[PDB]
């Protein structure tokens, strides 16, 4: 009869390991007595906690499963089938308790018991991911949505959790103005703990953090020179779009970006917003930041980079873009944008997924790779980059960069991993395209200016495109300009088919513009049998001069243009520049301080086009071995290169210390997107890129060359929060819709949902709001679109908890982990006025 001894020492909450006054399958508790060393019933002390599952079970079948399991762990030989009597099971459990206590004494610890109990727990369906099925296509197989109104978990109640309020669906109804993306333009649950960005208190906290990032130097190091200048908005299509008005309002109120282009261009901030509706929405919102040109990205991808037999026609390079470049003669383009072909995730982690799925692990889930899978995949990927026939990696990267780097009316963004290997130490190894890219970047400072014309010509058995910049001061082909128009401008010629052959009578006649009659040109880049040859000066290309005729036309023939197939080129690339630019010729233009008057902040004119963004990291960089390999230490050492390349905006990796849970790629390669503490920029320990002091130094080094530095602002989610919390939860898909056939619907669930209360969030959270409301009261007077109300700065978030989150990815804890009385279907509880405990533990 152990029931008397094992009864609870008392009903005080302090006697149990509870979470918000609920018990869980893994809760331990203090009994009245302990069977010391298996032999002597002895009054417990405060240290004498033991698992609830040693003395209590939720039903007879769970007691059987516990006995059979613990017998196997403890070398007790008997197993019990379903016909076993209640008596046999109770005796067996008491025998088990006996052995447990001999073993606690012999081994001087209870950690072993912690481990066997937790392992037992995970064998039960009600306590593992089996009761969290069916799964759905969320990246981590499912989400849990926290209930707004629940008497069981009133501390996690909310009046908000307004979901899927993307730019397209900001008002809860698809916007009728934007029709190129017919969906609702994104979805609320992406990864990990999903932050409730419709909560006005959470919105003020995202503004606090934005302000922190943009005064990072002032706040952390007292150095007005180590501040981030601009931001990237991460995962726009997964958060409430009110944040876009908040960040734009902040840029305007704090930095004056709406006053003149000099101010806007010193703080040029971008969105990562993939819906086609996001660009026109951002334009109507005031061009307070710029978005990607996703159409053009797709055209470069399918016209140039795809496997030969999947490759489209070339005309989309001209017309399938935010800007039709057939004839782009505008002083200011209709909408600003940035343009890229690959980014740290886009067309990098997808290709690693393709490799693993095809050759290594065919059941890999989403991008939840292991480090071992990644390393094996890189063996296959790095070979493929060097081959002429590529199975998995991009073709024609140089052709894509020649268009990106000469196009008018978009800021190009160069991806770090197109110049340096995607894996390996920062900047330690150059790709085979590094030299072609660097030559384009340097020629771009010197030659790329004026209006643009693109032509598509069908020739021989295929087609080419030609792309011309007329030179600084000539927006149209008829403009004559002056001396510097004459020595600037560029022509790019491309084909995308290696069997391209011209007839003997074919000509590609290219109008260079009226500044360029009767003139010597020389090659910048030519395709060759094995690669691409780069010419770094007029002299280096001295045997290869050609001329324009009376009319300002260069004319090309079969002798110049044919299709090749080599590691760099599948098709054709030729680029020519006018002879005789001075060594330091620079055709870029600085922004004006004249006041803006069109109601837009950022303007796609010659000053914005003079800019180049560099996305300065790869997800798959190796981990540093020593101080000198840290990314931020290496950026500071090589700041001269970025300036030589004309980089004007350096997009650094998010700098938050990474969590290490491994539940998704970001927290396996620790890029900085999966983090527990938003304000921990290499402060508590190094991030992947160095210490907070290395970050300070890289930002100062970039500033000493006039280069602006972008903070990646990541409001969508947080990972691996250290403290447990009980919520009332429903299994939902990535939009928040309840999953059909699930067992978890308004049922209690223990999430990892609170931050420590003692980290950088606790020090800075809400710390600037008083100052922000004094200096910029207009930020706080907007009534935000999704909620209809202003931000609410009256509460500081020093500790995150479930009330500020929409939900979480499913955790594999099971539908029944919070314990219940099966007889009455009522949760056990330790709240003092309302205590409800297993009867056999309080009244044996």
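Numbering follows the first chain given and starts at 1.
Asks: Mean CA B-factor: is it higher for 505-513 or for 599-607?
Replies: Looking at the recorded C-alpha B-factors, 505-513 comes out higher on average.
Asks: Quick check: 290-298 versus 126-134, which has the larger average CA B-factor in the record?
Replies: Looking at the recorded C-alpha B-factors, 126-134 comes out higher on average.
Asks: Which one of 550, 284, 234, 240 shows the biggest C-alpha B-factor in the PDB entry?
Replies: 550 has the highest C-alpha B-factor of those listed.
Asks: Would you mind finding, among 264, 411, 365, 441, the residue with the largest C-alpha temperature factor in the entry?
Replies: Comparing C-alpha B-factors across 264, 411, 365, 441, the top value belongs to 365.
Asks: Splitting the chain's C-alpha B-factors into thirds, which one does residue 252 fall into?
Replies: For residue 252, the deposited C-alpha B-factor lands in the lowest third.
Asks: Residue 578's Cα B-factor: lowest, middle or highest third of the chain?
Replies: Its C-alpha B-factor, which the entry lists for residue 578, ranks in the middle third among residues of this chain.
Asks: Going by what the PDB entry lists, where does residue 815 fall on CA B-factor within its chain: lowest, middle or highest third?
Replies: As the PDB entry reports it, the C-alpha B-factor of residue 815 lands in the middle third of its chain.
Asks: According to the PDB entry, is the CA B factor of residue 659 in the bottom, middle or top third of its chain, that is, lowest, middle or highest?
Replies: Residue 659: CA B-factor falls in the middle third of its chain.
Asks: How does residue 616 rank on Cα B-factor within its chain, lowest, middle or highest third?
Replies: It falls in the bottom third of the chain.
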